[PDB]
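Undergrad: This is the structure, below, for whatever I ask next.
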Amino acid sequence: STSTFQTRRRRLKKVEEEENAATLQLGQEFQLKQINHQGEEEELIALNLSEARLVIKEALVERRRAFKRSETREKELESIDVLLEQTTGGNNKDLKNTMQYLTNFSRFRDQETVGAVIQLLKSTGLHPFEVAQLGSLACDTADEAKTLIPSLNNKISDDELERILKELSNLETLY
Amino acid sequence: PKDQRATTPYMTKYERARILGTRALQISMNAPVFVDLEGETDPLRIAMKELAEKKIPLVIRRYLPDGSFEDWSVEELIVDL
Amino acid sequence: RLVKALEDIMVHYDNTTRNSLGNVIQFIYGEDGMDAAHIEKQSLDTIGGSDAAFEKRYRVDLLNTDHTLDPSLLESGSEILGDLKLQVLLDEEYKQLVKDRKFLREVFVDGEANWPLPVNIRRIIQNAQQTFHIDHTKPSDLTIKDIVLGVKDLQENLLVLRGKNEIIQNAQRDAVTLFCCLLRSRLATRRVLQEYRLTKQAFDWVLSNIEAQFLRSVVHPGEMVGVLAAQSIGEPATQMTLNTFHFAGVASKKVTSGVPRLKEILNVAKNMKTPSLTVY
Amino acid sequence: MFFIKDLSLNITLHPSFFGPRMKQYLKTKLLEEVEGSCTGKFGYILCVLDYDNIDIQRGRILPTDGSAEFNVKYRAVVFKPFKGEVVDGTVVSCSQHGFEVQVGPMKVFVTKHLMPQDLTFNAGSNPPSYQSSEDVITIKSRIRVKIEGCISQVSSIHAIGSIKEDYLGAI
Amino acid sequence: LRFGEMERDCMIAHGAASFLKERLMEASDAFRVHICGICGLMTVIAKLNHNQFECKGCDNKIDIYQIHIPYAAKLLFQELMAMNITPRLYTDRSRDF
Amino acid sequence: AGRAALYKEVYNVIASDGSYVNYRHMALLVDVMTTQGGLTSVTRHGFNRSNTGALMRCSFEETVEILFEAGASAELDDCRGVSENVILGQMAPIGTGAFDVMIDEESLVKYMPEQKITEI
Amino acid sequence: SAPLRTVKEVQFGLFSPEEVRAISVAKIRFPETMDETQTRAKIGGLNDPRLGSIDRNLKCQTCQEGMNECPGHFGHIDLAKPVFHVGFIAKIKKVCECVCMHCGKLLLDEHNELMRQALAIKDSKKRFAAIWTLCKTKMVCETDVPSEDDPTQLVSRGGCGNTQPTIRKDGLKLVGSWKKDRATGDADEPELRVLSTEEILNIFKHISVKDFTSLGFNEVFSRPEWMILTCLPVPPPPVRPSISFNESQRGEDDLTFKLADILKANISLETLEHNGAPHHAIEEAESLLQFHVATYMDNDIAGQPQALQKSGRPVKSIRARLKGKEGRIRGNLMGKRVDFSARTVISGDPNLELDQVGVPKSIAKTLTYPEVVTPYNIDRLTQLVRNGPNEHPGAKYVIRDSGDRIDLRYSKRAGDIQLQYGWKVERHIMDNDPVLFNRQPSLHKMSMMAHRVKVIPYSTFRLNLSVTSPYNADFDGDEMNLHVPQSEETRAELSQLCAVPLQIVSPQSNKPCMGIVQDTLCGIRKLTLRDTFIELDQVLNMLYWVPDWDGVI
DNA sequence: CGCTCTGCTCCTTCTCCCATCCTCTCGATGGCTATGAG
DNA sequence: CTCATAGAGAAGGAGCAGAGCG
RNA sequence: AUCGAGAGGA
Ligand SMILES: [Mg+2]
Ligand SMILES: [Zn+2]
Ligand SMILES: [Zn+2]
Ligand SMILES: [Zn+2]
């Protein structure tokens with residue numbers, strides 16, 4: 001395994017990085033602005049809970065389609081188990097747990113709804129991390145969001161937080 | 001570098017040796033061939049056959065003064081150097 | 001010590017010679033890129049040669065009877081004669097050849113005609129005569145353009161380098177200048193017709209063989225010149241016994257030589273115990 | 001929470017390789033190493049992105065033997081939590097010691113000292129829940145855990161977090 | 001039969017590093033080592049069937065490399081240890097060129 | 001002018017009564033000694049006293065005397081030395097080691113004809 | 001499972017006592033050795049405290065591994081007192097030419113463009129050489145130093161505000177001579193005293209990184225305090241051989257012995273300082289330790305102070321053990337013994353080809369080659385098995401795929417073997433094998449050749465007579481140098497490397513490496529005479545004789 | 001006008017390496033001084 | 001109280017011969 | 001095993 005790309009500057013052990021705090025204190029590995037192995041600036045793709053499902057669903061279908069080259073939450077869970085039989089054999093149980101998990105906590109189950117969610121958050125210039133926190137975080141009020149996310153507390157107005165939040169609430173009803 | 005490969009279009013005896021040895025090794029390792037084992041048991045003669053025919057599963061990395069490199073396939077190269 | 005001293009010397013893919021620092025010691029292999037294995041010492045026919053002899057051997061005229069060639073010797077000789085623009089065609093290379101002579105008297109002012117060269121036409125023409133079993137009583141089918149324009153092309157076709165830099169191309173041009181001089185000299189048109197009676201079939205055949213060898217005479221890269229050079233000098237250096245005397249000489253005084261001289265040279269010992277000068 | 005990145009895997013060709021199923025195999029091999037892998041550098045390998053279109057580069061010959069080198073590029077998404085990060089997780093298990101919580105592909109420690117002090121274990125309340133206050137928490141219930149850190153193991157990672165806060169707690 | 005420098009010089013003139021090396025190590029040397037890459041020194045606790053070869057002072061059980069080196073070369077490293085002169089044998093060429 | 005003249009004498013006197021042996025190569029070796037715009041002395045205070053790989057310099061003459069400076073300045077082995085790599089049991093970038101044979105993915109596709117067995 | 005890699009960048013420098021202790025396998029504190037004095041063991045804090053293994057003692061940092069692929073481990077003796085490393089004493093001595101005490105920097109500064117030009121030298125190795133050249137004039141640590149621009153403004157920086165001391169050679173250390181010697185009656189002649197190591201360390205303490213790096217060095221990998229020895233390495237028994245002469249006797253690395261002596265000497269010093277003693281007693285014990293260590297490390301100490309080991313043997317210091325000439329650098333590092341080789345007397349033979357060597361069957365009997373099993377040679381290989389190690393066209397070993405070099409000398413498998421593809425059939429040497437032959441010494445490629453085998457009775461190498469030309473040889477008992485290739489790839493390369501056609505002409509002068517035999521030549525001259533004619537019957541036999549004859553008279 | 005600081009140039013001094021590979025036997029260490037039992 | 005026993009180089013160095021500010 | 005000296009070979 002690699003996951004390197006960024007060339008080193010000090011091979012000798014120095015300080016061992018900075019503390020991995022949720023306050024945007026992400027490491028070089030989790031650098032918000034970085035370049036992938038295509039030579040393309042791949043900014044940290046801080047994937048959200050519900051859109052992760054969209055990615056996973058697509059991936060489950062992908063693997064299945066690649067192989068072919070060679071609704072209620074419960075109904076979705078039933079479908080997941082079918083896809084697990086189609087794509088794995090008890091391997092990567094991490095994924096098995098994750099998709100059932102994300103389904104259980106889904107708030108934006110459909111792509112169209114998610115697209116709107118993404119649009120609202122990125123339009124305000126939130127860090128990928130901050131976007132991920134809000135895209136995944138269910139929330140009743142800006143006071144909850146600010147308390148749970150201090151970087152909003154010290155940067156974003158409540159008017160905008162509530163505006164988007166209640167629009168997101170509507171988008172949650174629009175799963 | 002694609003058509004930017006500025007080295008000659010000919011393959012050297014050094015490159016040849018590496019190739020021959022490589023294929024001979026592969027023959028001794030039960031590797032598939034481009035030319036069938038027509039009676040002859042000697043890998044060097046066997047390799048010589050497909051070597052002469054330039055039917056070799058191989059590309060050579062040549063290098064630039066800046067440390068970069070050039071892609072020269074066996075078929076691409078002219079076996080005469 | 002010398003082995004170690006000369007250890008770090010090698011040829012890159014780009015045929016430059018450099019050390020391990022990448023420092024380009026020499027931008028081109030032996031100033032030619034041609035393999036010594038395929039180089040032989042032979043005489044060039046334009047180092048000496050009187051003014052008249054030069055003209056007589058190389059000049060050809062379609063209007064001046066003095067250098068007019070036999071009109072039957074060449075199948076179309078009688079047709080060509082009189083046509084001034086073709087006399088010019090010939091003169092292009094002729095004047096260049098006499099210019100070449102002007103250069104050569106300076107290039108090798110010591111009068112040495114016999115030099116190590118990659119190309120030996122005399123051997124080639126031996127091959128050609130035998131290859132086609134040439135009947136020297138019959139008229140030749142070469143045209144004046146096959147000879148003149150064909151050799152211009154031949155000169156252009158001596159592609160030893162692989163690149164696109166005008167400058168290195170110039171270097172290439174200089175490298176085979178002696179050869180294009182040679183082609184103009186040793187193989188001047190009247191030599192071709194009178195001296196060789198070359199047929200077109202033979203001519204054409206030869207041209208293909210010229211390049212074949214030209215290619216075959218080229219140096220490989222990735223070479224450790226250091227050890228190769230060290231052996232080429234060191235092995236015979238040990239065979240070169242004796243130092244300052246007992247191998248005849250000119251000066252009555254003994255002359256620092258052999259390894260005494262070698263050593264003071266090797267170690268930059270500027271202490272000339274036999275500090276001579278030759279003033280002309 | 002999950003992080004997508006174009007990664008690479010150095011797969012080495014050996015003399016056992018002779019037939020006609022290159023990337024087909026390599027895709028299998030890649031997944032065998034990569035899927036489910038867990039190291040603090042990235043957390044948990046949730047999923048490899050783009051099964052097809054695999055950039056195996058080449059079989060650079062390794063002249064020391066009959067081997068050759070293929071550095072293989074692919075995308076993949078990983079799970080990684082940070083200190084003080086708020087997470088809507090769900091309970092895996094429960095004992096008098098505390099709870100085991102599932103988040104994505106990772107297990108999280110939510111002990112009795114990370115939970116509210118007015119909440120104690122009550123074996124009489126099944127599933128073996130904590131039941132001495134309004135925060136009754138069962139194995140079958142869900143839980144919002146703020147991950148305070150990552151107690152990385154060698155083969156896996158056990159994060160640690162808490163729910164003792166106004167906007168944290170059972171779900 | 002002792003190998004001489006001139007025999008080396010011949011291999012050099014030949015470019016026959018191949019033969020040179022099979023005699024150099026395949027028929028007269030080589031040693032399998034575990035070097036702890038992170039510091040470039042063989043700071044490797046030998047946890048063979050555990051795969052837990054901790055690098056003391058680094059707390060590193062991962063950045064360790066397997067290298068087939070001349071036994072004499074092994075000794076060279078160890079000599080440098082005895083000599084108090086550092087040689088951090090890293091496998092990563094950070095020097096772009 | 002002196003470089004050329006030196007060589008002039010080298011040929012005339014050092015070679016002198018011997019045989020022809022690539023005068024240009026002889027000349028090259030002279031050029032080598034003076035590529036820096038100076039003149040290298042074949043000794044510990046000349047050839048050795050360079051800015052090159054210490055290991056190579058050690059194999060020439062001195063030992064720890066060199067190493068002491070390498071330790072002081074904290075030098076680094078860039079692994080590009082020809083003989084140094086050999087010393088390390090590695091293959092040098094000369095002759096057989098001067099190039100890297102490979103089988104590119106591209107060509108492997110080329111090696112997927114009816115003779116699919118040429119795929120690896 | 002460590003990944004297979006290749007070293008690309010080796011960072012050099014001096015080890016950090018700090019890290020040394022941190023990575024130490026054992027502290028090592030026992031002034032004694034093996035068996036703890038007759039107890040059938042080793043030593044608590046020496047030899048076995050997680051250190052390398054010995055004969056039948058698996059230990060190896062209690063990681064066993066026997067003593068095959070089993071590297072050992074080093075302990076590290078912390079030193080009570082700091083010791084100056086000799087190779088760096090000289091360097092420090094030179095550094096002190098510009099050292100300015102208490103300022104963390106030097107006597108010279110940026111306030112003089114000429115100084116700035118010295119500072120502008122890219123190569124620090126030359127930079128400070130220039131600095132030494134310049135700073136030696138007026139070595140005075142002025143507290144305030146006049147700025148280049150309007151010198152009436154002085155820049156504070158001379159932390160010790162005084163003249164700087166000079167250095168004199170004095171045995172293990174150097175004597176500080178604090179400049180002074182002023183106009184008032186040679187006032188305070190350079191305060192003389194041997195320099196304190198601690199004083200020097202105080203310098204190091206105040207040395208700034210900025211200026212340390214302006215002097216090159218390396219603030220990470222070469223720090224000034226690492227020039228002082230305050231902790232020494234303790235090699236495992238394999239590195240510092242335990243040895244055993246005659247029958248199970250001792251004879252171990254005398255540096256273990258001398259080191260123990262050094263430690264014991266240190267212990268007496270410990271007592272002199274701990275219980276108390278005259279400062280001269282303390283002084284001398286320490287002086288002796290600097291001495292013992294200096295000679296321990298490198299016994300090339302100023303001629304006179306170079307003690308001979310207890311049996312009258314010039315103490316073989318660390319360096320002595322590690323010297324060149326022969327030593328290590330040439331001893332093995334520039335020449336190792338070859339397992340597949342031979343030294344066999346040559347002879348001539350006019351009947352053989354240039355690359356066809358009459359190889360003694362006695363050699364063929366002693367030598368083998370690792371071929372491998374293929375479906376198109378199995379039967380022949382089983383014949384080799386049937387031939388066993390007895391026939392000259394037989395075989396001695398077969399490495400079974402599992403890694404088992406089967407010994408056919410004892411095995412009854414001469415009539416029973418399941419050869420699978422790839423088993424390494426270590427057959428006897430056969431005809432045409434491209435084996436290397438050479439005649440040393442030589443300064444050219446000609447001398448090393450690869451040739452085809454022709455096995456012969458009687459022995460000695462039967463060689464084509466003309467071979468003496470490229471080898472500049474004769475047949476005077478020359479034990480030909482042989483090397484037998486084990487790589488098939490190499491065997492192929494040899495046909496592409498040392499074939500006579502590929503060697504016979506040397507581009508050096510582009511000349512052929514041999515000519516006609518002098519007997520033959522003169523004969524040919526006779527043969528080429530006008531009176532030379534030949535009888536049909538003579539011709540007939542000649543026609544047969546000549547292998548190139550086309551059947552036409 | 002004389003004396004300090006500086007400049008280079010001379011002798012004096014220390015220190016260095018000295019061919020390549022290969023084959024044998026004769027030799028291993030030596031004269032001196034303090035603690036405990038029957 | 002009595003024996004027993006373990007030549008050639010570079011490098012450095014000291015002296016000898018000048019310019020400039022107090 | 002191990003180094004030291006000597007004799008000899010080319
Ligand atoms: Mg002889
Ligand atoms: Zn390490
Ligand atoms: Zn071990
Ligand atoms: Zn100071």
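Labels used: A, B, ... for chains in the order of the structure tokens, numbers from 1 for residues in each chain, and numbers from 1 for ligands as shown.
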Find the residues of chain E that sit at most 12 Å from ligand 3; for each, write down the nearest two atoms and how far apart they are in Å, to one decimal. Count only C-alpha atoms and all ligand atoms. Sort by chain, then by number going up, and give it as CSV.

TA:
residue,atom,partner,partner_atom_place_in_ligand_line,distance
E:31,CA,ligand 3,1 (Zn),11.4
E:32,CA,ligand 3,1 (Zn),10.4
E:33,CA,ligand 3,1 (Zn),9.1
E:34,CA,ligand 3,1 (Zn),9.8
E:42,CA,ligand 3,1 (Zn),11.2
E:43,CA,ligand 3,1 (Zn),11.9
E:44,CA,ligand 3,1 (Zn),9.7
E:45,CA,ligand 3,1 (Zn),9.1
E:46,CA,ligand 3,1 (Zn),6.8
E:47,CA,ligand 3,1 (Zn),10.0
E:48,CA,ligand 3,1 (Zn),9.7
E:53,CA,ligand 3,1 (Zn),11.9

Undergrad: Using DSSP on the backbone, list every residue of region 271-493 of chain G that comes out as strand (DSSP E or B), and give them as a short mmCIF file (atom, residue, chain, number, x, y, z; two decimals) with N, CA, C and O atoms, in the first residue's frame.

TA:
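Now in out-v4.cif:
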data_model
loop_
_atom_site.label_atom_id
_atom_site.label_comp_id
_atom_site.auth_asym_id
_atom_site.auth_seq_id
_atom_site.Cartn_x
_atom_site.Cartn_y
_atom_site.Cartn_z
N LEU G 308 51.88 -1.60 23.71
CA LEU G 308 51.79 -2.92 23.15
C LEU G 308 50.93 -3.76 24.05
O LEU G 308 51.09 -3.72 25.27
N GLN G 309 49.99 -4.49 23.46
CA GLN G 309 49.10 -5.36 24.19
C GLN G 309 49.87 -6.28 25.12
O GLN G 309 51.00 -6.66 24.81
N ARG G 313 52.22 -7.13 22.17
CA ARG G 313 51.66 -7.04 20.84
C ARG G 313 51.00 -5.71 20.52
O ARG G 313 49.80 -5.59 20.76
N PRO G 314 51.77 -4.69 20.10
CA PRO G 314 51.21 -3.40 19.57
C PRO G 314 49.70 -3.37 19.56
O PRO G 314 49.10 -3.91 18.63
N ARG G 337 37.13 -14.73 -1.86
CA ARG G 337 37.43 -16.01 -2.47
C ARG G 337 36.23 -16.60 -3.18
O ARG G 337 35.10 -16.49 -2.70
N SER G 341 35.70 -22.11 -8.77
CA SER G 341 36.92 -21.67 -9.40
C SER G 341 38.00 -22.72 -9.38
O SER G 341 37.87 -23.75 -8.72
N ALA G 342 39.08 -22.46 -10.11
CA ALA G 342 40.17 -23.42 -10.15
C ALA G 342 41.49 -22.80 -10.54
O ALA G 342 41.54 -21.76 -11.20
N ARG G 343 42.57 -23.45 -10.12
CA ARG G 343 43.93 -23.08 -10.44
C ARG G 343 44.64 -24.30 -10.98
O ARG G 343 45.16 -25.12 -10.22
N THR G 344 44.59 -24.44 -12.29
CA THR G 344 45.13 -25.63 -12.95
C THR G 344 46.11 -25.33 -14.06
O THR G 344 45.87 -24.49 -14.92
N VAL G 345 47.22 -26.05 -14.02
CA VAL G 345 48.32 -25.92 -14.95
C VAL G 345 47.95 -26.15 -16.40
O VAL G 345 47.26 -27.11 -16.74
N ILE G 346 48.43 -25.26 -17.25
CA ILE G 346 48.16 -25.34 -18.67
C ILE G 346 49.24 -26.00 -19.48
O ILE G 346 50.37 -26.18 -19.02
N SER G 347 48.88 -26.31 -20.71
CA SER G 347 49.75 -26.94 -21.68
C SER G 347 49.25 -26.62 -23.10
O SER G 347 48.15 -26.12 -23.28
N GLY G 348 50.08 -26.84 -24.10
CA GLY G 348 49.64 -26.53 -25.45
C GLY G 348 49.04 -27.75 -26.14
O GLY G 348 49.17 -28.87 -25.65
N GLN G 356 38.27 -24.21 -27.81
CA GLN G 356 38.00 -25.56 -27.35
C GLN G 356 39.12 -25.99 -26.45
O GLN G 356 40.24 -26.26 -26.90
N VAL G 357 38.84 -26.03 -25.16
CA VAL G 357 39.87 -26.32 -24.19
C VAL G 357 39.87 -27.76 -23.74
O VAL G 357 38.84 -28.30 -23.34
N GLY G 358 41.05 -28.37 -23.75
CA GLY G 358 41.16 -29.73 -23.27
C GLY G 358 41.14 -29.71 -21.76
O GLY G 358 42.17 -29.55 -21.11
N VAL G 359 39.95 -29.84 -21.22
CA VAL G 359 39.73 -29.79 -19.79
C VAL G 359 39.88 -31.13 -19.11
O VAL G 359 39.12 -32.05 -19.38
N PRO G 360 40.84 -31.28 -18.22
CA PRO G 360 41.10 -32.44 -17.41
C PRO G 360 39.82 -33.05 -16.89
O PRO G 360 39.08 -32.41 -16.16
N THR G 368 30.69 -29.36 -10.95
CA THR G 368 29.29 -29.50 -11.33
C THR G 368 28.61 -28.19 -11.78
O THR G 368 29.19 -27.11 -11.70
N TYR G 369 27.35 -28.31 -12.23
CA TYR G 369 26.57 -27.16 -12.65
C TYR G 369 25.04 -27.39 -12.48
O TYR G 369 24.50 -28.36 -13.01
N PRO G 370 24.33 -26.47 -11.81
CA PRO G 370 22.90 -26.47 -11.51
C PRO G 370 21.98 -26.22 -12.70
O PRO G 370 21.53 -25.09 -12.91
N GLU G 371 21.68 -27.27 -13.44
CA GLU G 371 20.72 -27.19 -14.55
C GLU G 371 19.33 -27.35 -13.99
O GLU G 371 19.19 -27.66 -12.82
N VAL G 372 18.29 -27.15 -14.81
CA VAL G 372 16.94 -27.36 -14.29
C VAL G 372 16.13 -28.33 -15.14
O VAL G 372 16.37 -28.48 -16.34
N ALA G 395 25.96 -36.70 -12.41
CA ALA G 395 25.47 -35.58 -11.61
C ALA G 395 25.69 -35.81 -10.12
O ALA G 395 25.72 -36.95 -9.67
N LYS G 396 25.83 -34.75 -9.34
CA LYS G 396 26.04 -34.96 -7.91
C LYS G 396 24.85 -34.60 -7.07
O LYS G 396 24.54 -35.29 -6.10
N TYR G 397 24.20 -33.49 -7.39
CA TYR G 397 23.08 -33.10 -6.58
C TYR G 397 21.89 -32.67 -7.37
O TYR G 397 22.01 -32.25 -8.51
N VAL G 398 20.72 -32.78 -6.77
CA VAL G 398 19.53 -32.19 -7.38
C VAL G 398 18.76 -31.39 -6.36
O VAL G 398 18.33 -31.94 -5.36
N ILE G 399 18.53 -30.11 -6.61
CA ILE G 399 17.74 -29.39 -5.63
C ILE G 399 16.28 -29.60 -5.92
O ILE G 399 15.74 -29.10 -6.91
N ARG G 400 15.63 -30.33 -5.03
CA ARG G 400 14.23 -30.57 -5.14
C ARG G 400 13.54 -29.28 -4.90
O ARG G 400 13.90 -28.58 -3.96
N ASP G 404 15.67 -28.57 -1.44
CA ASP G 404 16.48 -29.67 -0.91
C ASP G 404 17.56 -30.15 -1.85
O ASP G 404 17.28 -30.89 -2.79
N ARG G 405 18.80 -29.77 -1.59
CA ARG G 405 19.91 -30.19 -2.44
C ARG G 405 20.23 -31.66 -2.17
O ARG G 405 21.00 -31.98 -1.27
N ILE G 406 19.61 -32.53 -2.95
CA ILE G 406 19.72 -33.98 -2.81
C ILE G 406 21.10 -34.50 -3.09
O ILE G 406 21.62 -34.31 -4.19
N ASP G 407 21.69 -35.18 -2.11
CA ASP G 407 23.02 -35.74 -2.25
C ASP G 407 23.02 -37.15 -2.82
O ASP G 407 22.78 -38.12 -2.10
N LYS G 424 16.79 -28.31 -9.57
CA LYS G 424 18.13 -27.91 -10.01
C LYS G 424 19.09 -29.06 -10.08
O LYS G 424 19.77 -29.38 -9.11
N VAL G 425 19.16 -29.68 -11.23
CA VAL G 425 20.05 -30.80 -11.37
C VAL G 425 21.50 -30.36 -11.51
O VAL G 425 21.97 -30.01 -12.60
N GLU G 426 22.20 -30.43 -10.40
CA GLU G 426 23.62 -30.11 -10.30
C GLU G 426 24.46 -31.21 -10.92
O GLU G 426 25.00 -32.09 -10.23
N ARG G 427 24.52 -31.16 -12.25
CA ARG G 427 25.22 -32.12 -13.09
C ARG G 427 26.69 -31.91 -13.11
O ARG G 427 27.16 -30.85 -12.74
N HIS G 428 27.43 -32.88 -13.58
CA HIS G 428 28.85 -32.66 -13.79
C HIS G 428 29.05 -31.73 -14.96
O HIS G 428 28.20 -31.66 -15.85
N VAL G 435 33.09 -21.61 -19.80
CA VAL G 435 33.78 -21.34 -18.54
C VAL G 435 34.86 -20.28 -18.70
O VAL G 435 35.46 -20.17 -19.77
N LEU G 436 35.04 -19.44 -17.69
CA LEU G 436 36.06 -18.41 -17.78
C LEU G 436 37.45 -18.88 -17.43
O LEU G 436 37.65 -19.61 -16.46
N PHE G 437 38.40 -18.39 -18.21
CA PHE G 437 39.80 -18.70 -18.03
C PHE G 437 40.60 -17.42 -18.05
O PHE G 437 40.37 -16.57 -18.91
N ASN G 438 41.59 -17.29 -17.18
CA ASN G 438 42.41 -16.11 -17.34
C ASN G 438 43.80 -16.18 -16.74
O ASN G 438 44.11 -17.00 -15.87
N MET G 448 41.28 -12.51 -20.25
CA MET G 448 40.06 -13.14 -19.74
C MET G 448 39.19 -13.63 -20.86
O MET G 448 38.63 -12.84 -21.61
N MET G 449 39.05 -14.95 -20.97
CA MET G 449 38.23 -15.50 -22.03
C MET G 449 37.28 -16.59 -21.60
O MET G 449 37.49 -17.27 -20.61
N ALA G 450 36.21 -16.75 -22.37
CA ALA G 450 35.26 -17.81 -22.12
C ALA G 450 35.41 -18.85 -23.20
O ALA G 450 35.47 -18.50 -24.38
N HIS G 451 35.49 -20.12 -22.83
CA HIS G 451 35.68 -21.12 -23.87
C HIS G 451 34.87 -22.37 -23.66
O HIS G 451 34.37 -22.65 -22.57
N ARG G 452 34.74 -23.13 -24.73
CA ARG G 452 34.03 -24.39 -24.73
C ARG G 452 34.88 -25.51 -24.16
O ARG G 452 36.08 -25.60 -24.43
N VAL G 453 34.24 -26.36 -23.39
CA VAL G 453 34.89 -27.49 -22.76
C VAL G 453 35.08 -28.69 -23.65
O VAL G 453 34.17 -29.12 -24.34
N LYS G 454 36.28 -29.24 -23.60
CA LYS G 454 36.59 -30.50 -24.24
C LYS G 454 37.24 -31.40 -23.21
O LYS G 454 38.43 -31.27 -22.95
N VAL G 455 36.48 -32.29 -22.59
CA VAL G 455 37.11 -33.06 -21.53
C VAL G 455 38.20 -34.00 -22.02
O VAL G 455 38.08 -34.62 -23.08
N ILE G 456 39.30 -34.09 -21.25
CA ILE G 456 40.44 -34.93 -21.63
C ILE G 456 40.98 -35.82 -20.51
O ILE G 456 40.89 -35.48 -19.33
N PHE G 461 45.67 -28.25 -18.97
CA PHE G 461 44.81 -27.71 -20.01
C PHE G 461 45.45 -27.77 -21.33
O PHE G 461 46.49 -27.17 -21.55
N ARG G 462 44.83 -28.49 -22.24
CA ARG G 462 45.36 -28.58 -23.58
C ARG G 462 44.86 -27.36 -24.35
O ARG G 462 43.66 -27.21 -24.58
N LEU G 463 45.77 -26.45 -24.69
CA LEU G 463 45.36 -25.20 -25.32
C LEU G 463 45.88 -24.97 -26.73
O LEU G 463 47.00 -25.37 -27.06
N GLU G 479 49.17 -21.98 -13.59
CA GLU G 479 47.93 -22.46 -13.06
C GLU G 479 46.84 -21.51 -13.48
O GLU G 479 46.62 -20.49 -12.83
N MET G 480 46.18 -21.84 -14.58
CA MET G 480 45.11 -21.03 -15.13
C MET G 480 44.07 -20.69 -14.11
O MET G 480 43.66 -21.53 -13.31
N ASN G 481 43.63 -19.45 -14.16
CA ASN G 481 42.62 -18.97 -13.26
C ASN G 481 41.27 -19.28 -13.85
O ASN G 481 40.94 -18.78 -14.93
N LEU G 482 40.48 -20.10 -13.18
CA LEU G 482 39.17 -20.42 -13.71
C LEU G 482 38.06 -19.97 -12.85
O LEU G 482 38.16 -19.99 -11.63
N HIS G 483 36.97 -19.62 -13.50
CA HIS G 483 35.75 -19.28 -12.82
C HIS G 483 34.61 -19.89 -13.58
O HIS G 483 34.50 -19.72 -14.79
#

Undergrad: Which neighbours of residue 11 (chain H) fall inside 10 Å, counting only C-alpha atoms (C1' of nucleotides), when residues of the same chain fewer than 3 positions from it are skipped, and could you give them as an mmCIF file with N, CA, C and O atoms (P, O5', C5', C4', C3', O3' and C1' of nucleotides), in the first residue's frame?

TA:
data_model
loop_
_atom_site.group_PDB
_atom_site.id
_atom_site.type_symbol
_atom_site.label_atom_id
_atom_site.label_comp_id
_atom_site.auth_asym_id
_atom_site.auth_seq_id
_atom_site.Cartn_x
_atom_site.Cartn_y
_atom_site.Cartn_z
ATOM 1 P P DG I 13 52.424 25.585 12.342
ATOM 2 O "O5'" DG I 13 53.859 26.283 12.290
ATOM 3 C "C5'" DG I 13 55.029 25.477 12.231
ATOM 4 C "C4'" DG I 13 56.259 26.336 12.040
ATOM 5 C "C3'" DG I 13 56.189 27.707 12.712
ATOM 6 O "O3'" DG I 13 57.420 27.990 13.348
ATOM 7 C "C1'" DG I 13 56.708 27.965 10.437
ATOM 8 P P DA I 14 57.460 28.928 14.650
ATOM 9 O "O5'" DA I 14 58.727 29.864 14.389
ATOM 10 C "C5'" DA I 14 59.946 29.288 13.944
ATOM 11 C "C4'" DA I 14 60.756 30.289 13.143
ATOM 12 C "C3'" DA I 14 60.770 31.707 13.713
ATOM 13 O "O3'" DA I 14 62.098 32.207 13.713
ATOM 14 C "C1'" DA I 14 60.027 31.740 11.448
ATOM 15 P P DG I 15 62.459 33.617 14.394
ATOM 16 O "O5'" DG I 15 63.234 34.380 13.227
ATOM 17 C "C5'" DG I 15 63.919 33.624 12.230
ATOM 18 C "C4'" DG I 15 63.962 34.373 10.913
ATOM 19 C "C3'" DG I 15 64.219 35.876 11.037
ATOM 20 O "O3'" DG I 15 65.101 36.306 10.006
ATOM 21 C "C1'" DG I 15 62.244 35.520 9.825
#
